[PDB]
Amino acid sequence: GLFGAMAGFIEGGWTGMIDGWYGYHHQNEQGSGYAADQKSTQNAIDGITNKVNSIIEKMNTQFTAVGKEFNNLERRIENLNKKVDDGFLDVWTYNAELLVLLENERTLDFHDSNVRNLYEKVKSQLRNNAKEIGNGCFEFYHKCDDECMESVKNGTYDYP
């Protein structure tokens, strides 16, 4: 999206990764599989969770009865009351509508950004010890058993 990762240089989602939002998928002589990057996932959950609460928690409301009842000689204020009701409800309708649109954009970008950062966190460690195949993958110029695969997952990949 804004950061190129989702539906970008990493064009597809992993139906097989079922324990997180962002993660890896290794492939070596011993086997293969997915593993969600736990730290970036939790942090992403905490943030979104916090974002959703904000949008909700920040809505103040007091006890109120909107209805009014005015007789046939109070059209002026009945209409004034109408202007108020239509009025606020025209404000909350434009705000809710846009708040979601804009925040939805932000959220998706946030995810995209988290992926790019993850991809980059790894692209940093491997350096020349791997070639980049523009699909979000790295092919090691050496053997990388499960310990090795692990080290890069928990960002502790040796001499690069």
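So that there is no doubt, residue numbering starts at 1 and follows the sequence shown.
Higher average CA B factor: 128-136, of the stretches 128-136 and 64-72. Taking the PDB entry as given, 55-63 carries the higher mean Cα B factor of the two stretches 55-63 and 100-108. In the PDB entry, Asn95 places in the highest third of its chain by CA B-factor.
In the PDB entry, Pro160 places in the highest third of its chain by CA B-factor. Sort the chain's modelled residues by C-alpha temperature factor and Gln42 lands in the middle third, per the entry. Per the PDB record, residue ranking by Cα B-factor puts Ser113 in the lowest third of the chain. When all modelled residues of the chain are sorted by CA temperature factor, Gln30 is found within the highest third.
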